[PDB]
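Novice: Right, I'll just put the structure down here and ask away after.
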Amino acid sequence: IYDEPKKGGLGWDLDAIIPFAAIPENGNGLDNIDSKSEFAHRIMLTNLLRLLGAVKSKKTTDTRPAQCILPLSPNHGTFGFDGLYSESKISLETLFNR
Amino acid sequence: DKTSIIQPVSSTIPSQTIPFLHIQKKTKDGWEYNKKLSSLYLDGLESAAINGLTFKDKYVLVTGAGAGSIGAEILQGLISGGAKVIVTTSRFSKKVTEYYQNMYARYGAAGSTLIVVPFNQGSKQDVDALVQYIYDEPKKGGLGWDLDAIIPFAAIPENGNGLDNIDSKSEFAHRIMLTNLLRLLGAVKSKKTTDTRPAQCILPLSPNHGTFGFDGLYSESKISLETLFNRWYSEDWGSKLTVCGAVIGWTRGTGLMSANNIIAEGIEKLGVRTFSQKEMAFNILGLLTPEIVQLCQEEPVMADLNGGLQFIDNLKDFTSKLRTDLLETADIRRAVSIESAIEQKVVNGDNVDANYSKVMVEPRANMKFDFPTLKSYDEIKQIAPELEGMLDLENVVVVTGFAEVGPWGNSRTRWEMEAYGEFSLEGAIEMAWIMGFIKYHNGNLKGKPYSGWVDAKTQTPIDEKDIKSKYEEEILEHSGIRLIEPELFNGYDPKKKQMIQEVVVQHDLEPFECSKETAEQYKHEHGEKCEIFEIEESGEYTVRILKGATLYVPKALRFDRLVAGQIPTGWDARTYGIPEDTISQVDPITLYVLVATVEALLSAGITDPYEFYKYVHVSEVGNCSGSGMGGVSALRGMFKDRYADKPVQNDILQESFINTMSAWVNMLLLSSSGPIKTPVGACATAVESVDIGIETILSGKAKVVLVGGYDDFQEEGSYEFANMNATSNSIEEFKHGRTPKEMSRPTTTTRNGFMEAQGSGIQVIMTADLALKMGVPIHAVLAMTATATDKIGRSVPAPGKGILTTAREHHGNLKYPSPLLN
Amino acid sequence: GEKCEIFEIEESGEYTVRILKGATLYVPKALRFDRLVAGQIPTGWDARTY
Amino acid sequence: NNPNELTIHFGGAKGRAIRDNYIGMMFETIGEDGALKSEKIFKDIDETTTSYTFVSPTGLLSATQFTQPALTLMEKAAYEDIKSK
Amino acid sequence: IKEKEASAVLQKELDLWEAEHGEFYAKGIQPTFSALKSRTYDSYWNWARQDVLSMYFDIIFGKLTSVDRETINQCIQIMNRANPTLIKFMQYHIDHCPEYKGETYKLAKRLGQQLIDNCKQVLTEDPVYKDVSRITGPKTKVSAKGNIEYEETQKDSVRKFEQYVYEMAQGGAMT
Amino acid sequence: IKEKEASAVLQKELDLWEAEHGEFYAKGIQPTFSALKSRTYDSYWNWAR
Amino acid sequence: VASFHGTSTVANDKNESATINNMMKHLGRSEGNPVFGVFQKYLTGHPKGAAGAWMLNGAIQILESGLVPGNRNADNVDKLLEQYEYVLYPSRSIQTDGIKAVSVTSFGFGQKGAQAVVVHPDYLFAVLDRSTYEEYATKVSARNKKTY
Ligand SMILES: NC(=O)c1ccc[n+]([C@@H]2O[C@H](COP(=O)([O-])OP(=O)(O)OC[C@H]3O[C@@H](n4cnc5c(N)ncnc54)[C@H](OP(=O)(O)O)[C@@H]3O)[C@@H](O)[C@H]2O)c1
């Protein structure tokens with residue numbers, strides 16, 4: 001995205017990011033956090049933050065900030081068996097302080 | 001001990017004031033300070049303060065309790081109360097487990113049990129196996145435990161990994177702290193079966209969710225831990241687990257993030273409070289009072305131990321400017337000092353400023369010999385009342401000297417490494433001297449005259465202090481029980497113990513040339529199964545082995561016992577002065593016995609052996625010492641070496657003996673004619689020699705007698721001790737993670753056999769009055785000595801209680817006590 | 001060391017081994033010794049008799 | 001799996017909802033006073049005891065309070081299976 | 001050639017893991033737990049007699065005066081392990097503690113008598129955790145030369161946890 | 001024999017990853033992005049008509 | 001003290017304690033006056049022949065200084081040994097105020113065990129009058145400098 005067309009990039013400069021991708025994981029209660037759950041946590045948090053930590057690095061000018069949009073949720077473990085969906089979506093709030 | 005508090009602290013809470021340690025309660029709006037719960041919590045804490053807690057029959061798992069960490073401080077709390085704790089170390093070494101052992105010996109309340117286990121929280125497979133090892137039965141190797149409380153604190157110091165530099169260390173830390181911590185609970189739940197014993201989790205929450213700077217995924221890890229509260233309702237394990245979240249505040253502790261101990265004094269000036277590690281331990285142990293316990297068993301409990309720091313806006317900026325001003329005073333007070341120092345050094349000149357620096361004193365070593373300190377006579381009449389004129393001096397044996405050569409050097413450098421675990425300065429240059437690290441060079445050294453200690457490898461002068469700081473690592477690395485170093489044993493490599501295999505040839509070999517009589521012997525010892533043919537141009541024969549002959553192929557096999565208490569690597573007799581001839585001739589163990597005997601006599605204040613003959617006749621200086629199986633190096637030579645026809649000393653058999661050592665002693669030092677005897681009690685042989693010494697002296701047969709033992713470790717002896725299953729297997733000690741220096745474990749619940757070593761030991765015992773007539777140091781008084789044969793059996797290795805008979809007596813009726821004791 | 005080779009017999013699981021040039025072997029031999037006399041215990045002595 | 005000891009646990013709600021049953025067991029042994037002393041069986045169980053343990057060196061299946069329920073169950077089981085036929 | 005390329009296959013498999021996860025993660029997930037390495041620590045019944053003794057001489061050698069807090073800490077630690085044999089072990093020692101040899105012996109005999117009487121009560125009573133160590137707070141000063149030293153000195157107003165809790169009661173909402 | 005055991009070494013290496021992470025995770029982390037597969041959609045001027 | 005043979009084996013470590021306990025029982029040790037166990041084999045190993053000599057030097061050095069070494073590998077004392085009341089198993093060096101006498105028991109193959117007892121040198125010096133002690137002290141001093 002940030003590389004030049006002469007190198008195959010796009011010359012773009014992201015004004016807004018909408019990282020919504022997520023996995024349907026279900027029935028994985030607290031005791032059955034399985035590989036699908038760790039993969040989902042990776043997709044939703046520990047790789048989502050890496051995407052932003054990359055886009056920041058690719059930026060050089062401080063006049064064009066990239067407004068992130070973060071698909072938060074009001075249900076932090078208030079529902080039943082969804083695996084690591086909670087401590088994924090809730091860890092996204094730390095950015096505000098960060 | 002059980003006072004009684006009437007005025008609960010709950011009444012001391014100032015009106016509408018939030019305490020420093022308050023419980024929070026959830027409402028539809030969220031969490032907020034509840035006065036009732038927090039008042040209760042504080043009351044339990046005060047009771048714990050003046051009376052204390054009890055965790056009898058509390059089964060706890062504690063994780064991430066490294067030394068100098070919070071988790072280590074609640075261990076002292078759990079054990080002191082009577083817990084049943086599982087511990088875990090991300091890394092397991094000797095210093096770790098011994099630290100835990102010191103803790104358990106200093107706070108191991110009766111009933112309490114500790115368990116140290118290696119466990120990495122980063123592995124799905126470590127967590128799978130750990131709870132199994134906890135919840136499985138002893139008959140399957142488990143523990144039969146059932147965790148009442150979990151304290152999963154383990155975490156990684158990750159720092160400087162900002163948002164853009166979330167690296168592999170960050171993902172690993174997130175795994176340790178959240179996505180593997182939850183798996184631990186999801187496992188413990190599965191292992192549970194009864195809903196009457198819920199496991200109170202303790203969750204090290206934090207009040208700073210990304211409010212600090214660059215810590216990587218620390219935030220969205222610790223903050224994802226709060227979802228459990230809602231999940232305790234949403235999911236099904238409400239009764240298996242009860243969550244009890246703690247929000248640990250500013251801990252002025254080590255590791256973790258202690259990176260800030262310097263600004264604690266600063267921020268405490270806002271009326272906010274930090275905590276020491278013991279204080280934070282207390283604050284959390286309060287979460288185990290039997291009433292908080294119940295409270296958790298129906299409600300997830302948020303506990304805010306953050307000491308009010310949450311009332312500081314932009315605490316990040318506050319701490320940053322505090323540390324900034326601290327550094328800005330530090331550096332300017334440093335630089336202005338430097339400037340005014342150099343300004344003076346210019347004005348006053350650099351010729352007097354060196355005179356302001358005081359001429360400090362370098363320390364040397366002061367190796368004395370220091371005979372045991374004599375108390376004054378009248379003083380000794382107080383230790384002992386009227387024992388005077390009672391004993392016949394001529395019939396009291398007294399050890400006047402002693403010495404050793406053991407894996408810790410002489411008797412001094414062993415006693416020090418024993419009673420002190422660390423070498424003093426003198427006891428360090430000595431171990432250097434006998435290990436061949438330093439050599440007292442004298443004369444001119446690179447032009448300059450020199451009389452002092454010098455390195456042995458590069459031969460450069462070294463002060464007496466750099467001895468320790470420079471060699472202490474190596475000395476402790478190459479001395480005492482360690483893995484066997486082959487260069488001390490002629491290439492005996494336990495990993496490649498050599499053996500020969502009886503093998504029958506199937507195809508005649510290629511004819512090779514050999515000598516005349518060798519060919520003749522080959523023919524005579526192989527029969528027609530070989531051929532010999534002379535080379536008329538050489539006279540020496542060719543020989544071809546034919547099909548059907550028996551060959552002996554070499555082979556090796558990985559052996560187990562890779563540890564033995566070698567003599568300090570680098571020990572050499574030349575350092576003592578044994579002539580190179582004798583060195584080249586006799587068995588190594590004789591060297592040990594001689595170097596022991598000389599300094600034993602020295603320890604007796606004897607410079608030259610002949611001094612005895614000034615007060616005693618030549619036929620009254622005996623040597624009742626002897627080995628257990630001494631000479632193994634020569635027994636090997638005469639049995640397994642000659643069979644190979646390796647070039648072997650001709651008269652080896654004169655050293656293979658056991659009296660041949662005392663022979664060399666008399667031949668080289670005493671030249672006496674006293675009673676030579678020689679016991680063999682292989683294990684208990686140096687004590688029976690003392691009994692012989694006494695029955696000798698009291699008989700008047702001799703007035704001085706060397707008495708001691710000695711033996712040498714070698715291959716064939718070790719292998720056969722192994723096949724008897726006597727020495728502890730080294731491989732099985734390393735599967736058990738026992739480091740070499742600690743698998744010699746007397747009286748230990750998990751002992752597994754002994755660890756053999758080499759060396760010698762000598763004592764110059766002597767009649768009493770002759771001792772105090774020569775004026776020698778009476779080091780001791782051998783009162784009693786005996787030996788015994790145990791009982792009829794069919795197994796030599798099994799001991800028995802025969803030695804008990806030294807104390808048997810008669811107890812029929814004591815109305816008339818024996819007047820002879822008065 | 002490399003001075004020999006080992007190879008499994010898949011039909012047996014037990015290996016073949018070939019020694020290579022340069023290895024050290026141990027050939028048996030005998031030599032006529034001198035001391036042919038010693039005061040043996042009476043030939044035929046046996047403890048079972050006791 | 002007849003063990004040698006059994007530890008009852010009064011855990012959360014239903015854990016307390018059991019130890020109260022044990023507490024409620026009040027038997028009578030007419031002493032020298034003769035008074036109908038509604039006295040407690042388990043003086044070791046109270047509002048504080050979190051968990052109680054039984055011990056039988058031979059095996060719990062030999063303790064009278066556990067063996068005779070096992071016997072009456074096995075006997076009634078056999079009888080009912082027979083009556084089913 | 002066959003294993004040489006199949007090995008390349010599993011290599012092009014394995015390098016994917018490290019490329020996606022990075023080194024430190026791969027080095028850290030190395031499972032290390034082995035039930036054989038456990039270390040159970042039980043024999044309190046012996047450490048109790050060890051510690052009684054170690055105190056008995058530390059007292060007479062003046063390395064622990066009665067006013068200290070650590071002596072009381074470990075006396076609590078002692079009575080947290082009292083056994084009917086511990087009482088006898090201490091009792092004999094106190095009986096034969098020779099007073100005429102000096103003054104510290106009197107201190108030792110008397111403190112021992114006190115501890116004996118106490119363990120005779122707390123005997124059969126449940127072990128208790130009662131920390132007595134002195135409360136300490138931070139105190140970071142910079143040297144007059146300019147060196148930053150961090151000292152965790154004792155509080156003067158807050159010395160027992162009995163006082164620490166009252167201090168925690170006064171809180172920071174009204175600071 | 002040499003590659004047959006070194007392959008066993010890297011196998012005892014690789015199986016650790018899957019044992020600690022499990023299958024689905026290993027199957028899901030298979031990187032799939034390739035700049036060559038982009039599809040730019042521009043020609044609005046034609047879709048309009 | 002009782003300088004134990006203590007060869008970290010299964011049978012030895014229990015048999016030795018059994019004998020010490022029983023013999024201190026038969027002689028009527030004052031109850032609650034156990035003897036300490038020092039186990040040099042933890043540190044030096046087991047010098048299959050000369051074990052007694054190392055143990056005896058240990059005993060004499062103890063008699064001199066008054067210190068008592070400890071098994072610094074005393075991980076966890078075996079449960080069975082709690083029944084032997086008349087013994088103690090230190091794991092930490094404890095400098096005492098003085099030791100009267102030390103036992104040294106050592107066990108061998110084929111049931112040749114043995115036991116030595118080393119009483120403090122001081123109790124010897126008290127059998128003899130003043131003049132002899134003082135005169136001996138002078139010669140000792142001289143020998144000490146010469147040996148130094
Ligand atoms: N102290 C504070 O101010 C503070 C503030 C907020 C939260 N907390 C929480 O309280 C806990 C205490 O931490 P701390 O900062 O006081 O000390 P720390 O330096 O965080 O302690 C780390 C401990 O965790 C263990 N550990 C490290 N890596 C591990 C791994 N990969 N697997 C298993 N165990 C591992 C170590 O034990 P071994 O050395 O035995 O391996 C070590 O002793 C933390 O877990 C943290 O979440 C503390």
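Chains: A, B, ... in order of the structure tokens. Residues: from 1 per chain. Ligands: from 1, in order shown.
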Please tabulate, as JSON lines, the residues of chain B that come within 7 Å of ligand 1, each with its closest pair of atoms and the distance in Å to one decimal, counting only C-alpha atoms and all ligand atoms and ordering rows by chain, then residue number upward.
Specialist:
{"residue": "B:63", "atom": "CA", "partner": "ligand 1", "partner_atom_place_in_ligand_line": "34 (N)", "distance": 6.4}
{"residue": "B:64", "atom": "CA", "partner": "ligand 1", "partner_atom_place_in_ligand_line": "24 (O)", "distance": 3.4}
{"residue": "B:65", "atom": "CA", "partner": "ligand 1", "partner_atom_place_in_ligand_line": "43 (O)", "distance": 4.6}
{"residue": "B:66", "atom": "CA", "partner": "ligand 1", "partner_atom_place_in_ligand_line": "43 (O)", "distance": 2.5}
{"residue": "B:67", "atom": "CA", "partner": "ligand 1", "partner_atom_place_in_ligand_line": "43 (O)", "distance": 5.6}
{"residue": "B:69", "atom": "CA", "partner": "ligand 1", "partner_atom_place_in_ligand_line": "17 (O)", "distance": 4.2}
{"residue": "B:70", "atom": "CA", "partner": "ligand 1", "partner_atom_place_in_ligand_line": "16 (O)", "distance": 4.2}
{"residue": "B:71", "atom": "CA", "partner": "ligand 1", "partner_atom_place_in_ligand_line": "12 (C)", "distance": 6.0}
{"residue": "B:88", "atom": "CA", "partner": "ligand 1", "partner_atom_place_in_ligand_line": "40 (O)", "distance": 5.9}
{"residue": "B:89", "atom": "CA", "partner": "ligand 1", "partner_atom_place_in_ligand_line": "40 (O)", "distance": 2.9}
{"residue": "B:90", "atom": "CA", "partner": "ligand 1", "partner_atom_place_in_ligand_line": "41 (O)", "distance": 2.8}
{"residue": "B:91", "atom": "CA", "partner": "ligand 1", "partner_atom_place_in_ligand_line": "41 (O)", "distance": 4.5}
{"residue": "B:119", "atom": "CA", "partner": "ligand 1", "partner_atom_place_in_ligand_line": "33 (C)", "distance": 6.1}
{"residue": "B:120", "atom": "CA", "partner": "ligand 1", "partner_atom_place_in_ligand_line": "32 (N)", "distance": 3.9}
{"residue": "B:121", "atom": "CA", "partner": "ligand 1", "partner_atom_place_in_ligand_line": "32 (N)", "distance": 3.9}
{"residue": "B:122", "atom": "CA", "partner": "ligand 1", "partner_atom_place_in_ligand_line": "31 (N)", "distance": 5.3}
{"residue": "B:153", "atom": "CA", "partner": "ligand 1", "partner_atom_place_in_ligand_line": "45 (O)", "distance": 3.6}
{"residue": "B:154", "atom": "CA", "partner": "ligand 1", "partner_atom_place_in_ligand_line": "24 (O)", "distance": 3.6}
{"residue": "B:155", "atom": "CA", "partner": "ligand 1", "partner_atom_place_in_ligand_line": "45 (O)", "distance": 4.4}
{"residue": "B:156", "atom": "CA", "partner": "ligand 1", "partner_atom_place_in_ligand_line": "28 (N)", "distance": 5.0}
{"residue": "B:157", "atom": "CA", "partner": "ligand 1", "partner_atom_place_in_ligand_line": "20 (O)", "distance": 6.4}
{"residue": "B:176", "atom": "CA", "partner": "ligand 1", "partner_atom_place_in_ligand_line": "31 (N)", "distance": 6.0}
{"residue": "B:204", "atom": "CA", "partner": "ligand 1", "partner_atom_place_in_ligand_line": "9 (C)", "distance": 4.8}
{"residue": "B:205", "atom": "CA", "partner": "ligand 1", "partner_atom_place_in_ligand_line": "7 (C)", "distance": 6.0}
{"residue": "B:206", "atom": "CA", "partner": "ligand 1", "partner_atom_place_in_ligand_line": "6 (C)", "distance": 5.0}
{"residue": "B:248", "atom": "CA", "partner": "ligand 1", "partner_atom_place_in_ligand_line": "6 (C)", "distance": 5.1}
{"residue": "B:249", "atom": "CA", "partner": "ligand 1", "partner_atom_place_in_ligand_line": "5 (C)", "distance": 5.7}
{"residue": "B:250", "atom": "CA", "partner": "ligand 1", "partner_atom_place_in_ligand_line": "3 (O)", "distance": 4.9}
{"residue": "B:251", "atom": "CA", "partner": "ligand 1", "partner_atom_place_in_ligand_line": "3 (O)", "distance": 3.7}
{"residue": "B:252", "atom": "CA", "partner": "ligand 1", "partner_atom_place_in_ligand_line": "3 (O)", "distance": 6.4}
{"residue": "B:253", "atom": "CA", "partner": "ligand 1", "partner_atom_place_in_ligand_line": "1 (N)", "distance": 5.6}
{"residue": "B:254", "atom": "CA", "partner": "ligand 1", "partner_atom_place_in_ligand_line": "19 (O)", "distance": 6.2}
{"residue": "B:255", "atom": "CA", "partner": "ligand 1", "partner_atom_place_in_ligand_line": "19 (O)", "distance": 3.4}
{"residue": "B:256", "atom": "CA", "partner": "ligand 1", "partner_atom_place_in_ligand_line": "15 (O)", "distance": 2.9}
{"residue": "B:257", "atom": "CA", "partner": "ligand 1", "partner_atom_place_in_ligand_line": "15 (O)", "distance": 5.4}
{"residue": "B:258", "atom": "CA", "partner": "ligand 1", "partner_atom_place_in_ligand_line": "3 (O)", "distance": 6.5}
Novice: Can you build me a table of chain E residues sitting at most 12 Å from chain G, with the closest atom pair per residue and its distance in Å to one decimal, using only C-alpha atoms, sorted by chain and residue number, as JSON lines?
Specialist:
{"residue": "E:38", "atom": "CA", "partner": "G:75", "partner_atom": "CA", "distance": 11.6}
{"residue": "E:39", "atom": "CA", "partner": "G:75", "partner_atom": "CA", "distance": 8.1}
{"residue": "E:40", "atom": "CA", "partner": "G:76", "partner_atom": "CA", "distance": 7.3}
{"residue": "E:41", "atom": "CA", "partner": "G:76", "partner_atom": "CA", "distance": 5.5}
{"residue": "E:42", "atom": "CA", "partner": "G:76", "partner_atom": "CA", "distance": 6.4}
{"residue": "E:43", "atom": "CA", "partner": "G:77", "partner_atom": "CA", "distance": 5.7}
{"residue": "E:44", "atom": "CA", "partner": "G:76", "partner_atom": "CA", "distance": 8.9}
{"residue": "E:45", "atom": "CA", "partner": "G:82", "partner_atom": "CA", "distance": 7.2}
{"residue": "E:46", "atom": "CA", "partner": "G:89", "partner_atom": "CA", "distance": 6.9}
{"residue": "E:47", "atom": "CA", "partner": "G:90", "partner_atom": "CA", "distance": 7.7}
{"residue": "E:48", "atom": "CA", "partner": "G:88", "partner_atom": "CA", "distance": 10.2}
{"residue": "E:49", "atom": "CA", "partner": "G:88", "partner_atom": "CA", "distance": 7.4}
{"residue": "E:50", "atom": "CA", "partner": "G:90", "partner_atom": "CA", "distance": 6.0}
{"residue": "E:51", "atom": "CA", "partner": "G:90", "partner_atom": "CA", "distance": 9.3}
{"residue": "E:52", "atom": "CA", "partner": "G:94", "partner_atom": "CA", "distance": 11.4}
{"residue": "E:53", "atom": "CA", "partner": "G:94", "partner_atom": "CA", "distance": 8.4}
{"residue": "E:54", "atom": "CA", "partner": "G:94", "partner_atom": "CA", "distance": 6.3}
{"residue": "E:55", "atom": "CA", "partner": "G:94", "partner_atom": "CA", "distance": 9.7}
{"residue": "E:56", "atom": "CA", "partner": "G:96", "partner_atom": "CA", "distance": 9.1}
{"residue": "E:57", "atom": "CA", "partner": "G:96", "partner_atom": "CA", "distance": 6.2}
{"residue": "E:58", "atom": "CA", "partner": "G:95", "partner_atom": "CA", "distance": 8.8}
{"residue": "E:59", "atom": "CA", "partner": "G:96", "partner_atom": "CA", "distance": 11.1}
{"residue": "E:60", "atom": "CA", "partner": "G:97", "partner_atom": "CA", "distance": 8.7}
{"residue": "E:61", "atom": "CA", "partner": "G:97", "partner_atom": "CA", "distance": 8.5}
{"residue": "E:63", "atom": "CA", "partner": "G:95", "partner_atom": "CA", "distance": 11.7}
{"residue": "E:83", "atom": "CA", "partner": "G:82", "partner_atom": "CA", "distance": 11.5}
{"residue": "E:84", "atom": "CA", "partner": "G:32", "partner_atom": "CA", "distance": 10.3}
{"residue": "E:85", "atom": "CA", "partner": "G:32", "partner_atom": "CA", "distance": 7.0}
{"residue": "E:86", "atom": "CA", "partner": "G:32", "partner_atom": "CA", "distance": 7.8}
{"residue": "E:87", "atom": "CA", "partner": "G:32", "partner_atom": "CA", "distance": 8.3}
{"residue": "E:88", "atom": "CA", "partner": "G:32", "partner_atom": "CA", "distance": 5.1}
{"residue": "E:89", "atom": "CA", "partner": "G:32", "partner_atom": "CA", "distance": 4.0}
{"residue": "E:90", "atom": "CA", "partner": "G:32", "partner_atom": "CA", "distance": 7.4}
{"residue": "E:91", "atom": "CA", "partner": "G:32", "partner_atom": "CA", "distance": 7.7}
{"residue": "E:92", "atom": "CA", "partner": "G:32", "partner_atom": "CA", "distance": 6.1}
{"residue": "E:93", "atom": "CA", "partner": "G:33", "partner_atom": "CA", "distance": 7.4}
{"residue": "E:94", "atom": "CA", "partner": "G:32", "partner_atom": "CA", "distance": 10.9}
{"residue": "E:95", "atom": "CA", "partner": "G:33", "partner_atom": "CA", "distance": 11.0}
{"residue": "E:96", "atom": "CA", "partner": "G:33", "partner_atom": "CA", "distance": 10.2}
{"residue": "E:97", "atom": "CA", "partner": "G:97", "partner_atom": "CA", "distance": 11.2}
{"residue": "E:98", "atom": "CA", "partner": "G:97", "partner_atom": "CA", "distance": 11.2}
{"residue": "E:101", "atom": "CA", "partner": "G:97", "partner_atom": "CA", "distance": 10.6}
{"residue": "E:102", "atom": "CA", "partner": "G:97", "partner_atom": "CA", "distance": 11.9}
{"residue": "E:105", "atom": "CA", "partner": "G:97", "partner_atom": "CA", "distance": 11.1}
Novice: Ranking B:683, B:596, B:335, B:130 by minimum distance to residue 7 in chain G and counting only C-alpha atoms, which one comes first?
Specialist: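 Between B:683, B:596, B:335, B:130, the residue approaching residue 7 in chain G most closely is B:683.
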Novice: If you run DSSP over the backbone, which residues in chain C end up strand (DSSP E or B)? Put them as an mmCIF file with N, CA, C and O atoms, in the first residue's frame.
Specialist:
data_model
loop_
_atom_site.group_PDB
_atom_site.id
_atom_site.type_symbol
_atom_site.label_atom_id
_atom_site.label_comp_id
_atom_site.auth_asym_id
_atom_site.auth_seq_id
_atom_site.Cartn_x
_atom_site.Cartn_y
_atom_site.Cartn_z
ATOM 1 N N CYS C 4 34.444 -47.570 11.067
ATOM 2 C CA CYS C 4 33.616 -48.730 10.815
ATOM 3 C C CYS C 4 32.303 -48.254 10.228
ATOM 4 O O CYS C 4 32.007 -47.058 10.204
ATOM 5 N N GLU C 5 31.524 -49.202 9.743
ATOM 6 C CA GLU C 5 30.201 -48.923 9.227
ATOM 7 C C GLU C 5 29.206 -49.864 9.876
ATOM 8 O O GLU C 5 29.540 -50.994 10.232
ATOM 9 N N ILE C 6 27.984 -49.386 10.028
ATOM 10 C CA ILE C 6 26.880 -50.199 10.509
ATOM 11 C C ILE C 6 25.732 -50.033 9.536
ATOM 12 O O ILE C 6 25.514 -48.942 9.003
ATOM 13 N N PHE C 7 25.009 -51.113 9.293
ATOM 14 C CA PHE C 7 23.858 -51.057 8.414
ATOM 15 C C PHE C 7 22.830 -52.054 8.897
ATOM 16 O O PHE C 7 23.158 -53.201 9.203
ATOM 17 N N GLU C 8 21.590 -51.607 8.963
ATOM 18 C CA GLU C 8 20.527 -52.444 9.474
ATOM 19 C C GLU C 8 20.102 -53.456 8.421
ATOM 20 O O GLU C 8 20.164 -53.188 7.219
ATOM 21 N N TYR C 15 21.868 -55.516 12.812
ATOM 22 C CA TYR C 15 22.694 -54.796 11.866
ATOM 23 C C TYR C 15 23.816 -55.674 11.345
ATOM 24 O O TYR C 15 24.202 -56.665 11.969
ATOM 25 N N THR C 16 24.329 -55.297 10.187
ATOM 26 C CA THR C 16 25.645 -55.720 9.757
ATOM 27 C C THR C 16 26.637 -54.647 10.154
ATOM 28 O O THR C 16 26.276 -53.482 10.330
ATOM 29 N N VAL C 17 27.891 -55.041 10.298
ATOM 30 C CA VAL C 17 28.959 -54.099 10.573
ATOM 31 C C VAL C 17 30.193 -54.538 9.813
ATOM 32 O O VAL C 17 30.552 -55.719 9.830
ATOM 33 N N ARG C 18 30.819 -53.600 9.124
ATOM 34 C CA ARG C 18 32.077 -53.846 8.447
ATOM 35 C C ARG C 18 33.130 -52.936 9.043
ATOM 36 O O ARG C 18 32.924 -51.723 9.131
ATOM 37 N N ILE C 19 34.240 -53.511 9.451
ATOM 38 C CA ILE C 19 35.376 -52.730 9.906
ATOM 39 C C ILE C 19 36.143 -52.271 8.680
ATOM 40 O O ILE C 19 36.238 -53.003 7.692
ATOM 41 N N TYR C 26 42.532 -56.389 18.032
ATOM 42 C CA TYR C 26 43.232 -57.031 19.130
ATOM 43 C C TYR C 26 43.303 -58.515 18.825
ATOM 44 O O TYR C 26 42.334 -59.246 19.037
#
Novice: Between chain B and chain D, at 9 Å or less, what are the per-residue closest atom pairs and their distances in Å? Count only C-alpha atoms, order by chain and rising residue number, and return it as JSON lines.
Specialist:
{"residue": "B:194", "atom": "CA", "partner": "D:9", "partner_atom": "CA", "distance": 8.4}
{"residue": "B:195", "atom": "CA", "partner": "D:11", "partner_atom": "CA", "distance": 6.7}
{"residue": "B:196", "atom": "CA", "partner": "D:11", "partner_atom": "CA", "distance": 3.4}
{"residue": "B:197", "atom": "CA", "partner": "D:11", "partner_atom": "CA", "distance": 4.3}
{"residue": "B:198", "atom": "CA", "partner": "D:11", "partner_atom": "CA", "distance": 6.1}
{"residue": "B:239", "atom": "CA", "partner": "D:12", "partner_atom": "CA", "distance": 6.6}
{"residue": "B:240", "atom": "CA", "partner": "D:12", "partner_atom": "CA", "distance": 8.8}
{"residue": "B:290", "atom": "CA", "partner": "D:48", "partner_atom": "CA", "distance": 8.4}
{"residue": "B:294", "atom": "CA", "partner": "D:12", "partner_atom": "CA", "distance": 7.2}
{"residue": "B:297", "atom": "CA", "partner": "D:12", "partner_atom": "CA", "distance": 5.4}
{"residue": "B:298", "atom": "CA", "partner": "D:12", "partner_atom": "CA", "distance": 7.2}
Novice: Create the file for the chosen residues now, containing C-alpha atoms and written as a JSON list (two decimals), in the first residue's frame.
Specialist:
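File again-v6.json, as written:
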[["chain", "number", "residue", "atom", "x", "y", "z"],
["B", 194, "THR", "CA", -17.13, -31.94, 42.74],
["B", 195, "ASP", "CA", -18.85, -28.60, 43.05],
["B", 196, "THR", "CA", -18.26, -28.17, 46.77],
["B", 197, "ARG", "CA", -14.58, -27.15, 46.51],
["B", 198, "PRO", "CA", -14.32, -24.10, 44.25],
["B", 239, "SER", "CA", -19.20, -23.19, 41.06],
["B", 240, "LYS", "CA", -15.94, -24.80, 39.97],
["B", 290, "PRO", "CA", -12.65, -17.32, 55.36],
["B", 294, "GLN", "CA", -17.31, -17.09, 50.98],
["B", 297, "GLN", "CA", -18.14, -18.02, 46.31],
["B", 298, "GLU", "CA", -21.29, -16.12, 45.36]]
